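Asks: One structure, as structure tokens, below. Some questions next.
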Amino acid sequence: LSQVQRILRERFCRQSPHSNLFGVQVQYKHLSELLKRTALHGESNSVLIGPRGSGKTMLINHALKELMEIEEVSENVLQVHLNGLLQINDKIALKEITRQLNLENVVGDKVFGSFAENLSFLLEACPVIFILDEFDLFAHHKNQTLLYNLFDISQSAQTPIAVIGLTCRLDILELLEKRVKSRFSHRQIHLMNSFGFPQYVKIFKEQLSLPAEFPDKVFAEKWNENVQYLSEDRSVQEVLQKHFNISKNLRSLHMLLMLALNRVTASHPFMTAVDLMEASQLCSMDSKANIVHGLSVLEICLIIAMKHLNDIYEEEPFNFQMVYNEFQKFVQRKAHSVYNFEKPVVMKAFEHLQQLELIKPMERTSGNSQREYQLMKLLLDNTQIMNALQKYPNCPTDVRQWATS
Amino acid sequence: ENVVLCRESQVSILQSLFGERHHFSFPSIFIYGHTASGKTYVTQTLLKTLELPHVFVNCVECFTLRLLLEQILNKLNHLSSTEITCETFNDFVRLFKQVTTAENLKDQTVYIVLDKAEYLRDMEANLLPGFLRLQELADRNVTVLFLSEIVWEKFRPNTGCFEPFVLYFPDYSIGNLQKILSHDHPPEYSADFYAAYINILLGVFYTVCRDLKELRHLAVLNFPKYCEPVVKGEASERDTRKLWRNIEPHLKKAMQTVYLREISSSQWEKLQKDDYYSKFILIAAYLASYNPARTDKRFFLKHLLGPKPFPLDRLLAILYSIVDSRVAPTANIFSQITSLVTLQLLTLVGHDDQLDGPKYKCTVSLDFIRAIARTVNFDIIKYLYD
Amino acid sequence: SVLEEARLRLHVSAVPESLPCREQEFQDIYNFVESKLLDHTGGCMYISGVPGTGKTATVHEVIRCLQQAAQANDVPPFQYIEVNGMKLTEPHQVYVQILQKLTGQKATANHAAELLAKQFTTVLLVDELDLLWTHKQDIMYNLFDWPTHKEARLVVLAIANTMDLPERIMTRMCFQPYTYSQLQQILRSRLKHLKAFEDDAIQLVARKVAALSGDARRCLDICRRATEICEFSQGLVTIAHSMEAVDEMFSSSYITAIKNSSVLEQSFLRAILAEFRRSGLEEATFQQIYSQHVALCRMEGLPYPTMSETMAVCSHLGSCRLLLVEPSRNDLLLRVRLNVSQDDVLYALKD
Amino acid sequence: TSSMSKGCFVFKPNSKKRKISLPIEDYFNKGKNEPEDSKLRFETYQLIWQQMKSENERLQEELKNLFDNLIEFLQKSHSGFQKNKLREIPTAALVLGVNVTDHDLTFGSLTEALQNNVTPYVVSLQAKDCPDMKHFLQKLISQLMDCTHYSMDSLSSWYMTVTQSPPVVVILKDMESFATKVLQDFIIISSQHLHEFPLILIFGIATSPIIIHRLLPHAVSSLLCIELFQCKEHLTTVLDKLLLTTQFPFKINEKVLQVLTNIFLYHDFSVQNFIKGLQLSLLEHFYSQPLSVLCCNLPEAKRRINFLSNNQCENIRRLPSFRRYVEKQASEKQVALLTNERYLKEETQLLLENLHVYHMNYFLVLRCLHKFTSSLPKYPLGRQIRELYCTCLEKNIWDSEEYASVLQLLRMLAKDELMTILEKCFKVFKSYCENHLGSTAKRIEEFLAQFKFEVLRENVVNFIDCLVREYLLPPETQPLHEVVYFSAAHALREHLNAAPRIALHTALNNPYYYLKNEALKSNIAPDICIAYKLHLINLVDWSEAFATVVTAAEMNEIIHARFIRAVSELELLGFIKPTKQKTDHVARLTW
Amino acid sequence: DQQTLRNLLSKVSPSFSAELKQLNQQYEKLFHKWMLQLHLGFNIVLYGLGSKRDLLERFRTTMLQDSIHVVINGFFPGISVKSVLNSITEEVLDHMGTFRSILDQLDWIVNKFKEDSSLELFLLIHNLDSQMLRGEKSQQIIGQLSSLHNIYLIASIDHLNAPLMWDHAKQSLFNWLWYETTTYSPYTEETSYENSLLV
DNA sequence: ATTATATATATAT
DNA sequence: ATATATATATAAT
Ligand SMILES: Nc1ncnc2c1ncn2[C@@H]1O[C@H](COP(=O)(O)OP(=O)(O)OP(=O)(O)O)[C@@H](O)[C@H]1O
Ligand SMILES: Nc1ncnc2c1ncn2[C@@H]1O[C@H](COP(=O)(O)OP(=O)(O)OP(=O)(O)O)[C@@H](O)[C@H]1O
Ligand SMILES: [K+]
Ligand SMILES: [Mg+2]
Ligand SMILES: [Mg+2]
Ligand SMILES: [Mg+2]
């Protein structure tokens, strides 16, 4: 159906405010009590919140939404968003604050002696909330001037200000300087994924569920029931265990559900256990084994020689002349007269491997050395070599015999 | 005009992921594959077929971060409808929302396909996370594609990023290559006549090449040689063992000559239609680089692992030992040593000092030395090893 | 209520008019500046210490009391300048700021330097001496060299965080970190007339912070958050609330991040530990760690790991800084170091 | 003034009115012999040099064969783009020689040839100002303009603007010098916009054409269409039209010739250094000889004889060639010449025409001898006109025994071979007109008119032997030869190439040679000359050995501080580098 | 022994004083031949044993008295080809600016020389074999300076292996004229900086 | 492979 | 146009 695809494509791709919170309640309480205290009083506080995909932008957006429904709040609060990937300098960062506070007409051509004097005139023309998304890249500026000026204006000035800080770094209080550390109230909120696998199974049913404001109720009843029957199936639980064994992040699950929904149309109205099984295979693909399947026959013959070099002269780099000499014994003695190709063609096979980056320079110096006699290292492990040879579509008989021997 | 052959299921994955126009797709898809497996062709034809407003950008072309941003911006402003300038990535995101709010583009899925993605990492550290998370940043219903030839785990930055859903274009097999090549027929001959030519051509050339681009070019050039016995009248279309025996030895010379670009394709079409002190000093460095210093005294006074760097005081000592005459240490003979370096026949290593920097190497092959030795009537073989 | 005035008092911005425990330094600064203002002579001062001592507040009380003495006609009147190093965009902008503060005219930095050199009862204040450093060290040197001239009649006060600073330039009054007694005096001093805290919480907070660092802002924030966690349990702020607060602001979340991890990343960390036991070094390539990790996944019973998935596992562990890894542009050559100690990892994985 | 904590010491003549400059040739006048002789010698030098530069450049222009093939290739490859993918960029690989210096004219000459025939836009790039892709493209767009962050879309927009048809030609002078990265990038970007930007690339290659494979890998080398194009022959022509013609008055001796030929064949092929060599010799010849104003065109040289200073007339009298010439004469003729300068003037005007007519006689017989010589197999005297010129200038050829074996070989030629030889020899006489050998041209035509073979053949052999004995003769046996000749062999040799290391090696081992004051016959030496000969090296013992020697030769510490300076002098020279195996252990001479 | 000792230790007697006092005049004869050959497109390097700076400074006092000459000392420790370019481009032209590149500055110098023939500059280099100027790029900048017609150059090399810094393309940029000038005065000023780095 | 110096561009004075 | 910060190249560790 059209509207089901619309709602869960907004839910899983363009990640959107939804009411459900799993295992972040005390964290939500501390953040809410803080923004309430900063938004109502003249109090100022600072926060450093969690690894990737752990719902950092989820939790703040609900809280500001919940705060904004208060009629007194919505009249007299101004928000400013700054991301650490967009604004990599304080000059770019200072321009955004004048624009987002709608004071770009007010400031005009006025000249300010200092960075703080520019920020001081802005605030004096009603609390203000600052949100600093992806905070660890603000802390790699030259002198952390934006970090100091936001904390100092919070700690001393009367104007109420909140500095919420969003990072992925557990060692976040070792990249900041001493003086900013002293002005930072050490208020840590931890949205770490502390929930179990039975709790992980319950989330699987709830996120793949249509809401109650859906018009056509009779399809919505049987769709919700069909989720309930599949949620208890043993077949879905083995691949759900595999993905839970990799990661407890819900973004990997939202990757799984979109590809399983990809196979639902008017001809296939309800999901099947086969669809989730087929969805698991695409995400679990191994990248390096796929490339070796698509190499040429001669390109396979080089890497087995390069495998054979690292078992004798262990952890020692090798050049082309190491490789070509090893290849010559296999053509003249081990196998047969065919594949005794010339020296200029085998160069292309080596020059195509380095283009695909299965082989990396030990030392990179362009122009200093020749195409041959350049020390090179194999980036492909021995485990991936033997498995890929077995699944090669028509691998020649003696070539695989050389690989084992 | 353009038809995709033996790419059905992968394509169906692409329009399945695309969906309808108002729907929100993945923020980032990263497509990886070999040298020719329909990365450019399938994606470009599929975006043009559905009339989805899309921008195709080569990354190698735009060598500067700046060049890449207006190239996306200008091409989208043609699609909606003078010159928009943006320097940093922040001004790109602000202006991208400005161009997308036009009436044709407010409720559709705008695509930015990028080709040759292995160079984007060298440009800047924060560019590659910028495009992967672009739909969350811009909030304008955007999908970004990544055409590349390298696996995803190399692309991953150290600090982490949004993860793209990884697809694979599968390699063409030996039958799969055959159907694509036997589609664009030459009109004057039959359909089964051209297929048997493809059958024998892949007989020689599948071993060294599974590239579609190379084999199609090799198929065009040797086709006049294949069809000349029937034109002369010795054979017919049903005399297959006549036709394959004419092209049999001809193709085993194409692999050495045309395939390695020694004789160019322009020549190969026409060929069937027509039916003193510098000489010693390079020898001296070759004896300097490729010999141990312990046996130096034995050879003169009375190759694998590559070059070994040598001092100049060893070099000049060998030079006076092989020239059977008094040689003055003139300015030119010291000027002539560094003429070989700038000509790349020699190379200095280290660069610690220049006049008191004795280090050099002899970067030239064995065959180049044996003719110069033969020119001046000198025996390079006698001094190399016993 | 009762607690809301405790929040109002405990706020860092509410500096008191009379500061406890910094009265001798107040008098000594006051005597040095009164020995230099009344006789119309130019001198120099340097002050340093750890950031939490209270330098700016005490010298601001100094400049206020001289201003009040100036209003009462006790001393000849003085015009006042204050500049902070962190706030400025550029190190050379000090000259243009001193120029506009003293005179109406504005100029470029080198023109301002020449006008200030030609110009020299003004009382300079320079916080944050460290960031005005240049490889010329010209700004630092002429900041010391300007007031020592009869035309100048300038007194310079300086604030920094390393005491051994003005030797490398080619007196040093000092401020000490707070101990138990001064800190407990401050904490009772802000809540002198409100019955809101128990003294056992006061001594635990003061003892903990003076044991760790010796800062004031840390104490005021731990007390303000302790009032919050007491307000959840509804009074009187007991020992339990402050004990919960002190390990809500001082405990490290490295080990609890290790606890709540998935199965395969913990297996990866166990593989790192085992490979370090086998080697004895701090350096181990990604191939060596993976060669142990496949054996661990074999023995535990996990499905056999692909390397393009263990690479994602290693990148996720590096992104949260539990490991130290190279950027992944090279693969199979990633030498890994444990960012955390072996004992914390063995404490976290055992349960 | 030259010493401060800085590296710039420029002096300026400001604040004083000396804006007027000193004209050139005021420094030429080093010895006061005549003031006005020097000005005329410098004018004759300038005229002869500009003539030899013009006839160098015109001859290098004539040696058109190469450009005809390249112009045809340029038009043919663009005929495909005229008709209209994966088009290969057509490229031309010009193999220029090892003579790196010569390439500037060779690349310079090709510019106006292409600019006149096929294309109006030809530009040149060098690696010295192209390190990266931003710099490689910025230089290209600026040179394209006359004939903002520009890109390849800037190139295509410019091309549509100015054409509203012809190809753009871009030549790379030194492909060895270019970095690998920028070459691999430029080929790929240009190929995908071949539809709106037609590009054809010419590469200046110096080495054999295998350099393309090393710099450019196979994945890029198949996007090009490589076609190949291609000093000993250039040198023989330029020697003939500068020295073996009578149009230029100046000549050189055999030892001066031997010096200049040896730097070319042995060290490095460079015809511009040969041009450099004779330009110094022309400068040195009008400097050492005062009466070298007579080295000009012959009607002017007789005019110069008429008006002279009296010291110049005495200067004419003291030539060794002149002194040998007056001695052979009668008794009365000697006192006729020595006393009266007017009788000297008329005799000299005859002798310069005897000098001039001989040089008209000389080479036009050498050209005929080569036509015999190059026909003969096994080439005894030489196969080249440069080699044959050397062996007869040094000494008479028949007086050497090498010429007799040539005569014995020349007797054994068949009838057909002689018909080719005497056809060419008669053609040589017709080629150079106003030749002073009339009867000979007739008898070479009479021998051709004649066509018992063996008896007439010996006349044909004895034709050439008598002729060369008349005219081939070394010019040291001719009076007033010095007026157009220069023999300072060591003076030219050391100036072009000398040996600094033997200047170091001789002086240290032998103090006596530049201080001829019994300083050495087989201790007493300057400070660098004692410490050198001691070593040919731990510094404590090396200090003792110096302290042993210098005290023998001559509370002080004078001897120890000398050891400090005269080893730090030596490590400034290329001898001493400190090491850590001992306190010092180094030997960088070993020769 | 410490370096301070030599300043009071100025009591060394030359042994063969009379005969070395003869080779300053004989090489003073060769001044005018050099001064001839500079104007016509050649260049001079002095090759020998001794300290050629004495004959070079003797050449300045006698000859270049009414010219815009420059003296370059490579034996100075903090010397660069950057400094050699900066001396000309700020003082000789009377220009007051900075340049983005050594190559762009070199282009501005060569183009300003090509525009006007009225300027003549004499580029004296006492030591070109010092390790700062030993660079092929530095010698390339000096050779692109040297090839012009309105600029002149005298040089001296002390090193045993000194022609390493010229190949065939640079032996064409410098039109060298080689001169045996072996005075036997000792290296005094240029050994001063080197005396520090050992005992 | 990283760190230091030189250099190329960009930005602020 | 001077000066400084950032980016890239070359050189040394
Ligand atoms: N406990 C949870 N409750 C509800 N939703 C969750 C929870 N954990 C994860 N999610 C979902 O996973 C996604 C998390 O990504 P989100 O955009 O919120 O920020 P993030 O990716 O954690 O932060 P960053 O982008 O800075 O790494 C959201 O769509 C969210 O709905
Ligand atoms: N399904 C198909 N049917 C017909 N032709 C095809 C098909 N797939 C690819 N081709 C042809 O193969 C050629 C090369 O394919 P493509 O341009 O996708 O290479 P590529 O993989 O993008 O190259 P690279 O890996 O270097 O980026 C195209 O010119 C196209 O005509
Ligand atoms: K010159
Ligand atoms: Mg987020
Ligand atoms: Mg492609
Ligand atoms: Mg302070």
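Following the order of the structure tokens, first chain is A, next is B, and so on, with residues numbered from 1 inside each chain and ligands from 1 in the order they appear.
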Could you list, as a PyMOL selection string, every residue within 12 Å of residue 136 (chain C), counting only C-alpha atoms (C1' of nucleotides) and ignoring same-chain residues fewer than 6 positions away?
Replies: chain C and resi 91-92+142+169
Asks: Restricting the output to N, CA, C and O atoms, write the selected residues as a compact mmCIF listing (two decimals), in the first residue's frame.
Replies:
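Dumped to part_7.txt:
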```
# COMPACT_ATOMS: atom_id res chain seq x y z
N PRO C 91 46.04 37.64 18.16
CA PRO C 91 46.98 38.15 19.18
C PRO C 91 47.36 39.61 19.00
O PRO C 91 47.58 40.31 20.00
N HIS C 92 47.44 40.11 17.77
CA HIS C 92 47.83 41.50 17.58
C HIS C 92 46.72 42.49 17.88
O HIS C 92 46.98 43.70 17.92
N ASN C 142 56.82 43.96 24.96
CA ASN C 142 56.47 45.36 25.13
C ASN C 142 55.30 45.55 26.10
O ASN C 142 55.08 46.67 26.58
N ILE C 169 60.53 34.45 28.56
CA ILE C 169 60.53 35.71 27.82
C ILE C 169 61.92 36.34 27.77
O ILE C 169 62.25 37.07 26.82
```
Asks: Taking the backbone alone, and naming residues the way the document does, which bits of region 76-260 of chain B are strand (DSSP E) by DSSP, as a list in words?
Replies: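 These are the residues in question: residues 110, 111, 112, 113, 114, 115, 142, 143, 144, 145, 146, 147, 148, 165, 166, 167 and 168 of chain B.
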Asks: Closest to chain G among C:200, C:90, C:247, C:114, using only C-alpha atoms (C1' of nucleotides)?
Replies: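 Closest to chain G of all the choices is C:90.
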Asks: Could you tell me which residues of chain E sit within 9 Å of chain F when counting only C-alpha atoms (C1' of nucleotides), and give me the result as a list in words?
Replies: residues 100, 101 and 102 of chain E
Asks: At a cut-off of 9 Å around ligand 3, and using only C-alpha atoms (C1' of nucleotides) and all ligand atoms, what residues come up? Please write them as a ChimeraX atom specification.
Replies: /E:37-44,122,145-153,174-175
Asks: Any chance you could export the current selection's C-alpha atoms as a PDB file, in the first residue's frame?
Replies:
```
ATOM      1  CA  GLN E  37      84.476  37.955 -21.587  1.00  0.00           C
ATOM      2  CA  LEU E  38      81.668  38.805 -19.143  1.00  0.00           C
ATOM      3  CA  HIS E  39      80.065  41.312 -21.524  1.00  0.00           C
ATOM      4  CA  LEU E  40      79.720  38.883 -24.421  1.00  0.00           C
ATOM      5  CA  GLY E  41      77.604  36.186 -22.777  1.00  0.00           C
ATOM      6  CA  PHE E  42      80.152  34.081 -20.886  1.00  0.00           C
ATOM      7  CA  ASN E  43      80.515  33.308 -17.173  1.00  0.00           C
ATOM      8  CA  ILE E  44      83.547  32.631 -14.948  1.00  0.00           C
ATOM      9  CA  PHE E 122      77.245  41.825 -11.589  1.00  0.00           C
ATOM     10  CA  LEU E 145      69.373  34.238 -13.645  1.00  0.00           C
ATOM     11  CA  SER E 146      72.696  33.695 -15.423  1.00  0.00           C
ATOM     12  CA  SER E 147      71.517  33.028 -19.001  1.00  0.00           C
ATOM     13  CA  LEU E 148      70.466  36.642 -19.673  1.00  0.00           C
ATOM     14  CA  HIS E 149      72.532  39.225 -21.537  1.00  0.00           C
ATOM     15  CA  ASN E 150      72.455  42.162 -19.087  1.00  0.00           C
ATOM     16  CA  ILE E 151      73.753  40.278 -16.036  1.00  0.00           C
ATOM     17  CA  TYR E 152      77.263  39.045 -15.295  1.00  0.00           C
ATOM     18  CA  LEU E 153      78.681  36.426 -12.961  1.00  0.00           C
ATOM     19  CA  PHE E 174      76.126  28.998 -17.304  1.00  0.00           C
ATOM     20  CA  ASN E 175      78.569  29.754 -20.137  1.00  0.00           C
TER      21      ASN E 175
END
```
Asks: Write out as a list in words the residues lying within 8 Å of residue 41 (chain C), counting only C-alpha atoms (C1' of nucleotides) and excluding same-chain residues fewer than 2 positions away.
Replies: residues 36, 37, 39, 43, 150, 153 and 154 of chain C
Asks: Those residues you just picked out, can you put them in a file as a PDB file, in the first residue's frame with N, CA and C atoms?
Replies:
```
ATOM      1  N   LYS C  36      51.780  52.628  44.347  1.00  0.00           N
ATOM      2  CA  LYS C  36      52.167  53.004  42.997  1.00  0.00           C
ATOM      3  C   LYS C  36      51.228  54.009  42.351  1.00  0.00           C
ATOM      4  N   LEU C  37      50.026  54.211  42.890  1.00  0.00           N
ATOM      5  CA  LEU C  37      49.070  55.179  42.365  1.00  0.00           C
ATOM      6  C   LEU C  37      49.277  56.571  42.951  1.00  0.00           C
ATOM      7  N   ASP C  39      51.978  58.009  44.243  1.00  0.00           N
ATOM      8  CA  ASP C  39      53.250  58.627  43.897  1.00  0.00           C
ATOM      9  C   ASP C  39      53.463  58.815  42.396  1.00  0.00           C
ATOM     10  N   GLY C  43      54.831  50.615  37.385  1.00  0.00           N
ATOM     11  CA  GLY C  43      55.364  49.315  37.759  1.00  0.00           C
ATOM     12  C   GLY C  43      54.743  48.144  37.018  1.00  0.00           C
ATOM     13  N   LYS C 150      58.924  56.662  32.836  1.00  0.00           N
ATOM     14  CA  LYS C 150      58.366  57.788  33.588  1.00  0.00           C
ATOM     15  C   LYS C 150      57.188  58.443  32.864  1.00  0.00           C
ATOM     16  N   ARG C 153      53.475  55.980  33.368  1.00  0.00           N
ATOM     17  CA  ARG C 153      52.663  56.014  34.603  1.00  0.00           C
ATOM     18  C   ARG C 153      51.590  54.911  34.625  1.00  0.00           C
ATOM     19  N   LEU C 154      51.995  53.735  34.147  1.00  0.00           N
ATOM     20  CA  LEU C 154      51.137  52.577  33.928  1.00  0.00           C
ATOM     21  C   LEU C 154      51.444  51.491  34.946  1.00  0.00           C
TER      22      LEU C 154
END
```
Asks: Output as CSV one row per residue of chain G within 12 Å of chain A: the closest atom pair and its distance in Å to one decimal place, counting only C-alpha atoms (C1' of nucleotides), sorted by chain and residue number ascending.
Replies:
```
residue,atom,partner,partner_atom,distance
G:5,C1',A:142,CA,9.3
G:6,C1',A:142,CA,10.8
G:10,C1',A:365,CA,11.4
```
Asks: Taking only C-alpha atoms (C1' of nucleotides) and all ligand atoms into account, which residues have an atom no farther than 7 Å from ligand 2? I'd like them as a list in words.
Replies: residues 3, 4, 5, 6, 7, 33, 34, 35, 36, 37, 38, 39, 40, 41, 42, 115, 116, 148, 149, 180, 212 and 213 of chain B
Asks: List all protein, DNA and RNA residues that have at least one atom no more than 9 Å from any atom of ligand 6, counting only C-alpha atoms (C1' of nucleotides) and all ligand atoms, and write them as a list in words.
Replies: residues 179 of chain A; 51, 52, 54, 55, 56, 57, 84, 127, 128, 159 and 160 of chain C
Asks: From the list E:138, E:131, E:161, E:172, which residue is nearest residue 83 (chain E) when using only C-alpha atoms?
Replies: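 Comparing E:138, E:131, E:161, E:172 against residue 83 (chain E), the winner is E:138.
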Asks: Please find the residues contacting ligand 4 at a distance of at most 8 Å between atoms, with only C-alpha atoms (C1' of nucleotides) and all ligand atoms counted, and report them as a ChimeraX atom specification.
Replies: /A:53,55-58,133-134
Asks: I'd like to know which of D:134, D:276, D:411, D:251 is closest to chain F, using only C-alpha atoms (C1' of nucleotides).
Replies: D:134
Asks: Tell me the residues of chain C close to chain B, meaning within 8 Å using only C-alpha atoms, as a CSV table (one decimal) with C-alpha atoms, in the first residue's frame.
Replies:
```
chain,number,residue,atom,x,y,z
C,308,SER,CA,34.7,-6.9,6.3
C,311,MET,CA,36.5,-4.3,10.3
C,312,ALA,CA,33.2,-2.6,11.1
C,315,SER,CA,35.9,0.8,13.6
C,316,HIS,CA,32.9,1.0,16.0
C,318,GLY,CA,37.8,2.8,17.7
C,319,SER,CA,35.1,5.5,17.1
C,325,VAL,CA,43.6,2.8,15.8
C,326,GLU,CA,44.9,4.2,12.5
C,327,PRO,CA,42.6,5.6,9.9
C,328,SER,CA,41.3,2.6,7.9
C,329,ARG,CA,42.7,3.6,4.5
C,330,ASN,CA,45.2,0.9,5.1
C,331,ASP,CA,43.7,-2.5,6.0
```
Asks: Have a look at CA of residue 213 (chain D) and CA of residue 256 (chain B) and let me know their distance in Å, one decimal.
Replies: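 Those two atoms sit 15.0 Å apart.
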Asks: Using only C-alpha atoms (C1' of nucleotides), which protein or nucleic acid residues come within 8 Å of residue 37 (chain D)? Drop anything in the same chain fewer than 3 positions from it, and give the result as a list in words.
Replies: residues 34, 40, 41, 290 and 293 of chain D
Asks: Keeping N, CA, C and O atoms for every residue in the selection just given, could you write it to a file as a PDB file, in the first residue's frame?
Replies:
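Wrote out38.pdb, looks like this:
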```pdb
ATOM      1  N   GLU D  34      97.135  50.514 -30.372  1.00  0.00           N
ATOM      2  CA  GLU D  34      96.500  51.580 -31.127  1.00  0.00           C
ATOM      3  C   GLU D  34      95.111  51.755 -30.535  1.00  0.00           C
ATOM      4  O   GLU D  34      94.471  50.764 -30.164  1.00  0.00           O
ATOM      5  N   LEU D  40      87.789  48.802 -34.638  1.00  0.00           N
ATOM      6  CA  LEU D  40      87.599  48.094 -35.900  1.00  0.00           C
ATOM      7  C   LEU D  40      87.616  46.580 -35.714  1.00  0.00           C
ATOM      8  O   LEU D  40      86.832  45.873 -36.366  1.00  0.00           O
ATOM      9  N   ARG D  41      88.475  46.069 -34.821  1.00  0.00           N
ATOM     10  CA  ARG D  41      88.476  44.634 -34.537  1.00  0.00           C
ATOM     11  C   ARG D  41      87.179  44.179 -33.882  1.00  0.00           C
ATOM     12  O   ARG D  41      86.670  43.099 -34.212  1.00  0.00           O
ATOM     13  N   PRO D 290      96.951  41.926 -32.779  1.00  0.00           N
ATOM     14  CA  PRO D 290      96.525  43.300 -33.083  1.00  0.00           C
ATOM     15  C   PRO D 290      96.171  43.503 -34.545  1.00  0.00           C
ATOM     16  O   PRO D 290      95.219  44.231 -34.852  1.00  0.00           O
ATOM     17  N   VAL D 293      92.560  42.827 -37.794  1.00  0.00           N
ATOM     18  CA  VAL D 293      91.545  43.584 -38.524  1.00  0.00           C
ATOM     19  C   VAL D 293      91.503  43.152 -39.990  1.00  0.00           C
ATOM     20  O   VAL D 293      90.464  43.264 -40.653  1.00  0.00           O
TER      21      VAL D 293
END
```
